[PDB]
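Visitor: My questions all concern the structure below.
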Amino acid sequence: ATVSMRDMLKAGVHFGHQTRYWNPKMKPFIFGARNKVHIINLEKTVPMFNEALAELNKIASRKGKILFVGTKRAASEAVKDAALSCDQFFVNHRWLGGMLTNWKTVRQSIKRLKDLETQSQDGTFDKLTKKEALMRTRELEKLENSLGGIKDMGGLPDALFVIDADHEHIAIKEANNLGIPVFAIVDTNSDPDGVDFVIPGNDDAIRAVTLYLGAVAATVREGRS
RNA sequence: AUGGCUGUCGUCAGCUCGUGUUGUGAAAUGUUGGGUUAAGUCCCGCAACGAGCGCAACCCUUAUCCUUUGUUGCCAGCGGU
């Protein structure tokens, strides 16, 4: 449902970027500057985080398909487990340019993953030679590394969850073109114009992103009840 | 005025298209870049995702061996010459 302010300092969600890379549009969401490092205003994010979680909850109550987005090293594996914990979908390694705006052409690539999976469990690769069986399994390995989170998708997402918004500005722009509401974790270096429901928080720490991922995988499941 | 056929750049590795995105727009992207190759041949990354003509392969011949077949072909092991 909601979390307090005491655990905010434990995860370091106020530990933003320096006074060199900050975005000018972070003035309503910066508490101050400690040793030339901007501190995220923790009194401003806690009313804005819970209204997004209730915004993420009722869309999940109407059988909403939530998509998770994050392609950074610190949160590449944490975003995969959080989506499956709440029975949702994820994008973890690489966001393909045109994954949502060009949804038609990537579906042939999605079924191009499915026929390789049906050729994996039944025992089909073993009849072919060494060269053919190696590359089509190597083409397989690249496939669910970038499309395995959305191989169960079958449509356009109802809502979008974004980590490292400035690093994933392509994903936010793609959902904005189709009118899909996004849920981005904006840090001091990021731009929140594309973000419909702004959540100011630190995104460069493993323990910080798991606090959001743990909370967003928690808020979905009672909407499933 | 043409069909059909042919040479040439050049058997040079390029030529494009669909969707999406960018730019008012001509168009750009993909096709660029780090490696790599005879080759946009392959890997990775990347607002690109895929596909087609090209490359290669599939075709013929040559390079070694096995099986079957032995004439008008062949002559190792046995005879007459």
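Visitor: Please give the number of the condition residue A:218 fails out of (1) closer than 14 Å to residue A:52 by Cα; (2) buried (at least 24 other Cβ atoms within 10 Å of the Cβ).
Guide: (2)
Visitor: Here's something else I'd like to know. Cβ contacts < 7 Å: first residue closer than 17 Å to residue A:14 by Cα, restricted to the stretch A:201-225; second residue among the hydroxyl-bearing types (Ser, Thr, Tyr) and buried (at least 16 other Cβ atoms within 10 Å of the Cβ), any location; separation 6+ or different chain. Result?
Guide: From residues that are closer than 17 Å to residue A:14 by Cα, the pairs are A:201/A:45; A:201/A:212.
The rows are residues; the columns are (1) over 21 Å from the mean Cα position of the chain (by Cα); (2) of a type in the set (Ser, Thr, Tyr).
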{"residue": "A:4", "(1), (2)": "yes, yes"}
{"residue": "A:8", "(1), (2)": "no, no"}
{"residue": "A:13", "(1), (2)": "no, no"}
{"residue": "A:17", "(1), (2)": "no, no"}
{"residue": "A:36", "(1), (2)": "yes, no"}
{"residue": "A:58", "(1), (2)": "no, no"}
{"residue": "A:68", "(1), (2)": "no, no"}
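Visitor: Here is a list of conditions, (1) at positive phi; (2) in contact with a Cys (Cβ under 8 Å, 6 or more places away or on another chain), and residue A:12 meets all of them except one; can you say which number that is?
Guide: (2)
Visitor: May I ask you to verify whether residue A:135 is within 13 Å of RNA strand B (Cβ to nearest atom) and surrounded by fewer than 13 Cβ atoms within 10 Å (Cβ to Cβ)?
Guide: On the way: within 13 Å of RNA strand B (Cβ to nearest atom): yes; surrounded by fewer than 13 Cβ atoms within 10 Å (Cβ to Cβ): yes.
It is true that residue A:135 is within 13 Å of RNA strand B (Cβ to nearest atom) and surrounded by fewer than 13 Cβ atoms within 10 Å (Cβ to Cβ).
Visitor: Just to be sure, is residue A:66 crowded, with 20+ Cβ neighbours inside 10 Å, within 14 Å of residue A:211 (Cβ to Cβ), in contact (Cβ under 8 Å) with a residue 40 or more places away in the chain and not charged (D, E, K, R)?
Guide: Judged against the criteria, residue A:66 is not a match.
Visitor: Would you check if there is a residue in the stretch A:73-86 being under 27 Å from residue A:167 (Cα atoms), within 9 Å of RNA strand B (Cβ to nearest atom) and within 13 Å of the chain's Cα centre (by Cα)? Can you show your working first?
Guide: First, pick out the residues of the stretch A:73-86 that are under 27 Å from residue A:167 (Cα atoms): A:73-86.
Adding the requirement that they be within 9 Å of RNA strand B (Cβ to nearest atom) leaves none.
Within the stretch A:73-86, not a single residue is under 27 Å from residue A:167 (Cα atoms), within 9 Å of RNA strand B (Cβ to nearest atom) and within 13 Å of the chain's Cα centre (by Cα).
Visitor: Quick one: what pairs do we get from the stretch A:1-25, first residue touching a residue at least 60 places away in the same chain (Cβ under 8 Å) and aromatic (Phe, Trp, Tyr), second assigned to a loop (DSSP other than H, G, I, E, B) and surrounded by 11 or more Cβ atoms within 10 Å (Cβ to Cβ), C-beta under 8 Å, 6+ apart or different chains?
Guide: A:15/A:202; A:15/A:204; A:15/A:205; A:21/A:188; A:21/A:189; A:22/A:188; A:22/A:189
Visitor: Which numbered condition in (1) over 30 Å from residue A:31 (Cα atoms); (2) away from RNA strand B (no atom under 16 Å from the Cβ) is the only one that residue A:150 fails?
Guide: Against the list (1) over 30 Å from residue A:31 (Cα atoms); (2) away from RNA strand B (no atom under 16 Å from the Cβ), residue A:150 comes up short only on (2).
Visitor: Testing residue A:110 on (1) within 16 Å of RNA strand B (Cβ to nearest atom); (2) assigned to a helix (DSSP H, G or I); (3) out of contact with any helix residue (DSSP H, G or I) (no Cβ under 8 Å at 6 or more places or on another chain); (4) not acidic (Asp, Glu), one condition comes back false. Which one is that?
Guide: Evaluating residue A:110 over (1) within 16 Å of RNA strand B (Cβ to nearest atom); (2) assigned to a helix (DSSP H, G or I); (3) out of contact with any helix residue (DSSP H, G or I) (no Cβ under 8 Å at 6 or more places or on another chain); (4) not acidic (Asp, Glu) leaves (3) as the failure.
Visitor: Are any of the residues in the stretch A:37-59 more than 22 Å from residue A:213 (Cα to Cα) and away from RNA strand B (no atom under 16 Å from the Cβ)? Working first, answer last.
Guide: Narrowing the stretch A:37-59 to residues more than 22 Å from residue A:213 (Cα to Cα): A:37-38.
Then keep just the ones that are away from RNA strand B (no atom under 16 Å from the Cβ); that gives A:37-38.
For the stretch A:37-59, residues more than 22 Å from residue A:213 (Cα to Cα) and away from RNA strand B (no atom under 16 Å from the Cβ): present.
Visitor: Moving on. Does the stretch A:118-131 include one or more residues that are surrounded by fewer than 22 Cβ atoms within 10 Å (Cβ to Cβ), among the aliphatic types (A, V, I, L, M) and over 30 Å from residue A:49 (Cβ atoms)? I'd like the intermediate steps shown before the answer.
Guide: Pass one, the stretch A:118-131, residues surrounded by fewer than 22 Cβ atoms within 10 Å (Cβ to Cβ): A:118-131.
Next cut, among the aliphatic types (A, V, I, L, M) only: A:128.
Filter once more, so that each one left must be over 30 Å from residue A:49 (Cβ atoms): A:128.
Checked the stretch A:118-131: at least one residue is surrounded by fewer than 22 Cβ atoms within 10 Å (Cβ to Cβ), among the aliphatic types (A, V, I, L, M) and over 30 Å from residue A:49 (Cβ atoms).
Visitor: Please enumerate the residues belonging to the stretch A:87-107 that are in a loop (DSSP other than H, G, I, E, B) and more than 11 Å from RNA strand B (Cβ to nearest atom). So that I can check it myself, show each step before the final result.
Guide: Quick first cut of the stretch A:87-107, residues in a loop (DSSP other than H, G, I, E, B) only: A:87-88, A:92-102.
Residues satisfying the conditions are A:87, A:88, A:92.
Visitor: Pull out all pairs, ordered by first then second residue, where Cβ-Cβ is under 6 Å, the residues are six or more apart or on different chains, the first lies in the stretch A:95-118 and is without any contact (Cβ under 8 Å) to a residue 60 or more places away in the chain and closer than 13 Å to residue A:144 by Cβ, and the second is outside any helix (DSSP H, G or I) and more than 6 Å from RNA strand B (Cβ to nearest atom).
Guide: What qualifies is A:110/A:151; A:113/A:151.
Cβ sites come from the backbone with ideal geometry, for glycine too, and all protein chains shown count toward neighbours. Every read-out reported here was derived from the displayed coordinates using simple, explicitly stated rules and does not represent laboratory data.
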